[PDB]
Each structure stands twice: as structure tokens, then as C-alpha cells.
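Input: a single structure, listed below in C-alpha cells.
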Amino acid sequence: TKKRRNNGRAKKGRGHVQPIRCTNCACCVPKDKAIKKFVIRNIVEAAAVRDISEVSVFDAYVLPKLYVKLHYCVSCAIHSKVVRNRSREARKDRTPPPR
Amino acid sequence: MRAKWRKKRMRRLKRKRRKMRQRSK
Amino acid sequence: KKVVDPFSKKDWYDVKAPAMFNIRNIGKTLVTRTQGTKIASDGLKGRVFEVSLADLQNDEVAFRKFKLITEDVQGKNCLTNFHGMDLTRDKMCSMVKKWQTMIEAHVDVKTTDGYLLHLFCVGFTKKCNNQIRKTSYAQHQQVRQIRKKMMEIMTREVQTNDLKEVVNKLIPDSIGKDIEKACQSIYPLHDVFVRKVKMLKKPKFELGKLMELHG
Amino acid sequence: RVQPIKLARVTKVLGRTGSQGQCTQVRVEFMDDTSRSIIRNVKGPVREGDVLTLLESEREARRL
Amino acid sequence: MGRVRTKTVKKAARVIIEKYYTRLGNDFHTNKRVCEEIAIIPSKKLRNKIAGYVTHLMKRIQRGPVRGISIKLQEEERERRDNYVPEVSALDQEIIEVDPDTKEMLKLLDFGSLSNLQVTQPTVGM
Amino acid sequence: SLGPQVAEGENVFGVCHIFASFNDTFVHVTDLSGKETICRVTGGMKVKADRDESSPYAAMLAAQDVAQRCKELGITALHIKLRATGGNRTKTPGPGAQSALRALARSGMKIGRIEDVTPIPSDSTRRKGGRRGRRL
RNA sequence: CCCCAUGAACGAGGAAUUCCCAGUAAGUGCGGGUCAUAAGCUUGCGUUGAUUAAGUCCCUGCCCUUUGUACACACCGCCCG
RNA sequence: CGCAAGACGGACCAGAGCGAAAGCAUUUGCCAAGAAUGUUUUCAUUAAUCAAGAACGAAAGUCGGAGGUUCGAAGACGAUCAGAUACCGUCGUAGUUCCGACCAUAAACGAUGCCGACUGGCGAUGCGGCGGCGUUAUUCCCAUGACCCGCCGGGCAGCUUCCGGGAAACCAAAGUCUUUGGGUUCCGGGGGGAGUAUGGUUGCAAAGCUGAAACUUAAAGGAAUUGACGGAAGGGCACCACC
């Protein structure tokens, strides 16, 4: 059988694709198979933000962000649960999760 | 791996047969 | 190191910025006292002082960090000199994103003194007009024009003019704004900054010229 | 810690947690300033409007 | 608590409110005694439930219709709106306003009456 | 531990240099210059257990000590430089990154700056664990 | 069954494990069943009468959906050197 | 804070591009090459597919030199486990890098030969050309770039369905097929025995290509459906489960 029509992910008209290393597995997969999740967070996680902003030598100062691009592989994605099993009639979506 | 190992064990065995006949020659 | 309170063996100092900023009193440092071999003032030179731009000018943006070296110590006043400019991480990071083409070029250039500099610039493509296109990218030919014109400007304005006038153009960031309009016809672009400058040589201390900067 | 013992009161209860439902998350107002608020984990069966006796407020919690 | 009413209650409750609509109060006790008299109920406890739901329906039905249950006076007002709503006849002020190349169509209908115009702007989307 | 010559009209700024990287936490207070420094405390110093060296509460106890030694000299405000891990590694904050910030602020220390510094590569050397990585 | 004499282990229980949420647990007696003679059993009945919870899926197990399977003697399965 | 060495081009980088395939991402210059499109230019059938034969062909490996950071078969330890020659941690040789010679194999996978014709819809995206009411950038311009709207080629793909096919999964081709014939190469005949035996041929080595039989057995295998099971995922429940 085939579970997909794209097999891996997006290899069209091309032969070899440069590999990349998983963040946490430390494994090796193709660039276009890895789940690429970009992340935005506050430094203080916006939790102590009221307690921090009030005590400063400046009147106002909105804190930086922490930018990291994480590449997970097949196993390290499923295990940390950024994805899950889906129905056979509903695997086929290109749509991000609702925000 | 199982099939690839069956092909490998028979490789090492075949090499020994070669060696034993080459030794006699 | 292992002696009793070696923070009572330190001597305080102050660190003064050249007169090109509204606030010139950067802050205070300390070195260890003058020993029978080692000497305070010589071990107080050669430092780096990452300092914000907003902190000293007090009229302008937080991003852009300047390096300043203590080139001389004089009687409890540490005089500074330009050493190269940097940038923050977050500003530089936020601009980079998918559906754009990043454009970069650098040049090596000399002042009209013994200083040598190595400037690094950047451009990003605009999300042009009010597109219904789902991406904006530039061809490879188009990029090489923009790179050629990003080199031309950044050599012209630094090959002319002496060390101090260079600094005067980088503080409001006049350089980057000039490039944005000069490349505009062949692709409009939003953003130009000079992400780094790396000083590479300098002549000598030149005590008279040093004190020129601090009045 | 060795700082004076604190008192803080419930503003809202959130839900029960723990590995058998044994712990109860609760949101509490510090009862010396209401702009200060921390979430805590509390063992007993809490209700609404009760006052607790925290031995610290250095700790900040959000689950176990 | 627990307990959601069974289907035997909700099924028969609808029938009993429909055909004896004008014989119900909004009190439990009156509606109880009525159900005993207008129909057989095979138990007493069953009656005390079905009455209480019949009561609960009668509260909402005086605030407008509940689906699957149609009393007479609601179907009256339904017809009364449907033979003509109170709002005026007019279509829609008896003047037509057209745009360029709507007028061009009208030339090719072989007519031309009551000219007006409004001039449109390039272009779709942007 | 003798103070500076003015601090009565303005604050004096040290730099915090928090490290967070897993299995440890550092907090290392320095001058503005950073060419010399003062006290340095780790979460591995408060609690020895070889696994509470990175603990949240170990990081809080650390900053709770460090903030005293600041005020002992005269330092009252802090610019802060963060460091995840980097060096072709995870580059994600430790547990004791959020912790130490919250702790030093509420102990009574003013904040001047707070930034990310990480020594990230621009594509560089091979990473330990081989082709198939770890798998335990 | 009664009377007098005789006067043992046992000083609160290891590894494990059972049962229980309100007249409930536990203490405490009585009637029935079997019965020529006989309840430490079982089945009913009153009396005295708490603590602790108002939860969760952690363990043990059960119901429903999705997914994987070389299993259908159904994982106490199948199968390799 | 400074210095040295070797390695390497992140984020931008995508169901995007180029290449015969294997493959190919920092700047600038040089050297030759190629596709598509445009063309009222030229030649006049010069073509298609292909035994023999030929070029290129990842990674590992071999030979001889240069280099040697990083990682790392082998190897030595530390733990885990009844055992543990394994998973995990530390150290580390060959190798990893480059130059000059060999080696011809891979899930070298779209598991789908190449060339040609015909038969639905829709929206995008990359490249060239054509048309246009609109905006914007510079000298007000023209020349031109950016965006907007539409058309024509050829390219990577997607979505859609009683074209039709298929055992089904699925597929605008795997369609135009018992209504069986457009052109041509390679290749298959129950499961094992076996890519073994044997001889040839190629290679320094490692091995590659070509390649049987005796004998054995009634099943092996494909797709799909219902159950059961899972140290899979999501809901829910019980003092015969726990707190």
C-alpha cells in the first residue's frame, strides 16, 4: 500500500536534498521531512512580567523575544506530542491548526 | 536486517571455501 | 584570588565618552591597585564596553550597540575611542522571515587616517504595494544590481571623510536611509541597516587627536 | 523562607490536579496587595474565600 | 442530581399540550389534575412527571414557538405574516440606477428608458 | 567592598551573565567592562544531588545570595546577558532561567537591560551522537 | 452440660494483602436454618455508633472512538538462529 | 582580550529552480555549455527505438602522497541487566578532509521504459512572449522597474468527479482492451533449493557480471473486511481500583 501520495514530504523534480539534524533526538533526516516549528516566547515567559516591568531604571521598556527554530523528526515529534494519529478520510489537509 | 544478515553469513562462508581451495593450490 | 577581601584592593574610576552624545558620563569601572610590577592604568586600557545607543544619545532607538575601547587613562578619567558597532539579536532576527529575499554585501574601506573598517549591510524585499501575490522574491540578476549599488554607496561615504565624521553618520544611521532610496527603482525594499562594522587597524594613540574628541 | 510568615486568600479555585486528584490548584491574592497574585498547589480540600498560611512566596507554582 | 427525562415522557407531553392548549395553567397542581381527567395515566408517579414537563413546556410556548410542537394560535400568526407582512409594497423605490456596460446590455435588449448612471472604478480587488 | 564615588544620585550597573545550560545554572556578576568580576554562585553549590544542580529552586536560592553581594559593594542595578547553551547544541533556556530573573528582581534589584546572547553557529562542525542519534 | 483442680503459647504481629462512604464501618446481644443430643458456621433482627472522601485515571480493570498488525487455538498468539 | 588550525556555509530555503542520472545553496571575476520563448531567416526528410560497443555513476572499500579540527567503525573503560560481547556515559585507532589512481554497487524508488496521437473542469506557482482601464518609483515624462487584470507556449505540482480503467488500494492515466493489432527495446512463468554449485570473464585487493541441477513441498503472496490484541492516541467510568 501507500499511506501517502507524497511518500515522505515534498520531493518533486529533485534528487538529493540536504539533510538536517534533529534538535532533541540528534538524529539525521532530510530538510523536507522534518516538522519545522518556529517558536516565539517572552524572556520571562510573560509570567513574572508585571513584577519585572514595575521595577526598572526605565519608565517603559517592552521586553525582547526569544526566537528559536526547532526541527523535529518522525519519532521525536510523535513522542513529545506535537502531532497525533488521524482518520483515513482526514489525513488530507494542508491547513494549520486553528489559532 | 534479517535477510541482509543471511546474505552476509553466506559471504563469509563462501570466502572460506575460496581460501581452502586456494590453499590446496 | 584567595586573599582576604581583594575588593578593598580595587581603585574606582570613571569612563567618559567623546562629545558627540548628549550624555557623556558612561559609568564607572575598577582595576586593582598599583603593585610593584603591575600598574593600574595599563591594565585599564584595552577593555571593551558594549553600550546601548539610546543610553548615551538619549533621543533614539535601543538597537545598535557600540564597542568603545579605553585607549588612554588620564588622572581618573578613561577616554574612549570607536572600536566597531554591532546590533542586537532580536531586531535582526524579527526582520528575517519566509516569503522574502535577503540581500547582503560588504566592503573593506579606509578612512582618511590610519583606520581601516569593514562594513556589513543588509536589505530586505518589500511586501510590495498592496499585493495579492502570496510571496515577494527578487530574481538573481536583480539582486546582483542591488548588491553592486550597496557597495558603491558604502565606499564613497567612508573613503571620503575622517574617523570622527564616520561616527557622526552612523549614530542617526543616515547611511542606510540613503541606500533604500538609491536602490528603489529596481526593487523597492523596506529596511536597510549596517549590521556590523569591524575596525581592523588604527595608527597610534595620538594624544592630541584623542583629546580633540573629548574637547 | 525565614522571612515573616505570609497569609494569602483565595480569589478563585481552578481545578484539581495530582496523580490521583489529591492536589488542588487554586489562584490566590496575596492579601497585602491584590495586584500581586500567584497560583499555588494546595493539598487540602479548599473552598472559596478561605485564607491560607504560606511559609514563603519565593516559590511560584502552576502544576506538579 | 442526575436523571434526564425518558422518551415516553417527552413524546406524550407534546401531544397533551397541543390538543388541550387552552386548558393548562402555569401551576403544577392544576395541570396534574387535568391530565388525570382528560386521559388515562397507567400510574400516579408517571403522571406526576409528565405533568411537570407539560408545565415546563407551557412556560416557553408563551414566549414563541418550540420546534416540533405547533399550537393553533402560532400557526394562525404564521399565516397572518405569510399572506402579507405589514411592511410596504414597493420595488424598491421605482427608479433604476445603472453603471457603464449595464447600459450596453439594455441597448441589446432593444430598450432605453429612465437613464441614470454611476461611474465605477478600476479594478477587481486592489 | 568599598563603594564607588557617586551612587546617591544615580544607579551603578553590573552585568549578570546568567548561564542556564542543562545540568547546571551559573550567575556571575561582573563590572560593566567584564574584565574583572565579583562573587559567582551556581545552583550546584547550594544543593549537591547531581540533578538538582539545574533545579528551579536551586537557581532561586542562588540569585537570593548573589543579590546581597551586589548591594554589599554598591551595585544596585543590573544589565543582564542571558545564555542558553549554543555551541552546536540545544540553545533552549534551562529550568533555572526564568527562576533567577524573578528572584533577583524581587530581592530588590533594578533592571537596566535583558537580552539574548548565544554563540550560535552559521553552519559548523558535526554534533555528537552519530547518524541515528541517541535512542535511550 | 456442670463442679473442683491443672495453668501453655501469646507482650500487637515480617514480606505481602482484604473490606468499607451514613444509622455506614466497628463494638454488642438475640431469633431462624441444620437438630434425638449440639454452633466458633450461615441467614435475618435490633441496640451503641466514629474517623475520612465529595476526587482521579497513577496502579488494577472495564466501556467507546481513532490507529497499527506477519495475530483468529485470538499475545497464555506468532516466529528466528 | 588576543592568536592559530582545520572543518563548514545556518536562519533566508518553499509540495520553488537547474541537471542525462548520480547530484547542486556565502562574494566577485574568468572559462566554456544548455533549456524554454520570440522569428513572413536557413536546410529539405537529415527520424524513432536500439544487439555490439562507449561516457558518467552516491556512500563504504583498496593503492600512493598531502592534511588531521570535528565526528568516529575497531579498541579500552564506567554503568544498566540474572547474564549484556548491546541501548546509555567517558576516552579513542582506521576513516572522516584534499590530491593522484582504482572499485561499478544502493529502497541508484515515482518500487510506474522511451517516442507519438486523442479524451473533463478550476485555481495557483516558476520562465519567456503578447495585450490593458488602474496605482507606484525617477527628469513631468518617454526608455524602465515594482504591483494590479487577462491571454498564449512549454515546466514542477495540487484540488475536483458516474471520462474510463483496476482484484482492490487507487490512477486524466495505471484511460482510449474479448469492440482484443500506433512504433520499439528490456524482462516474467507455484514456493524453496540459490544468486548457491560450476566454468568463463573483469579486478592489486574486496568482489562484480554471466549462472545450474539433484532433491523437497501445497501452499507462498497481493488488496480489502470483521474481530481480538497493543510497554499506541483521544474521550468516560468503579472503594470487587487507587488516593
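The residues of chain A that appear here are 2-100 by Swiss-Prot count, in order.
Any Cβ shown, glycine's included, is placed from N, Cα and C.
Per Swiss-Prot, the features are:
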- A:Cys23, A:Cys26, A:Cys74, A:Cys77: Zn(2+) binding site (BINDING)
- A:87-97: compositional bias 'Basic and acidic residues' (COMPBIAS)
- A:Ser54: phosphoserine (MOD_RES)
>> Under a three-state reading of DSSP, tell me whether A:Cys23 (Zn(2+) binding site) is helix, strand or coil.
In response: coil
> What is the number of other Cβ atoms found within 10 Å of the Cβ of A:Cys77 (Zn(2+) binding site)?
Replying inline: 21
> Relative to the Cβ position of A:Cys26 (Zn(2+) binding site), how many further Cβ atoms are located within 10 Å?
Replying inline: 21
>> My list of recorded positions is A:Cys23, A:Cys26, A:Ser54, A:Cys77; which of them have a Cβ under 8 Å from any chain F Cβ, in sequence order?
In response: A:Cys23, A:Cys26
>> Just to be sure I understand the packing, how many Cβ atoms besides its own are within 10 Å of the Cβ of the residue listed as 'phosphoserine'?
In response: 16
> Using DSSP, would you call the residue listed as 'phosphoserine' helix, strand or coil?
Replying inline: helix
> In terms of DSSP three-state secondary structure, what is the assignment for A:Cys77 (Zn(2+) binding site)?
Replying inline: helix
> Counting across all protein chains shown, how many other Cβ atoms sit within 10 Å of the Cβ of A:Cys74 (Zn(2+) binding site)?
Replying inline: 22
>> Just to verify a number: CA distance, A:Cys74 (Zn(2+) binding site) to A:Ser54 (phosphoserine), in angstrom, no decimals.
In response: 38
> So for A:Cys23 (Zn(2+) binding site), how many other CB atoms are inside 10 Å of its CB?
Replying inline: 23
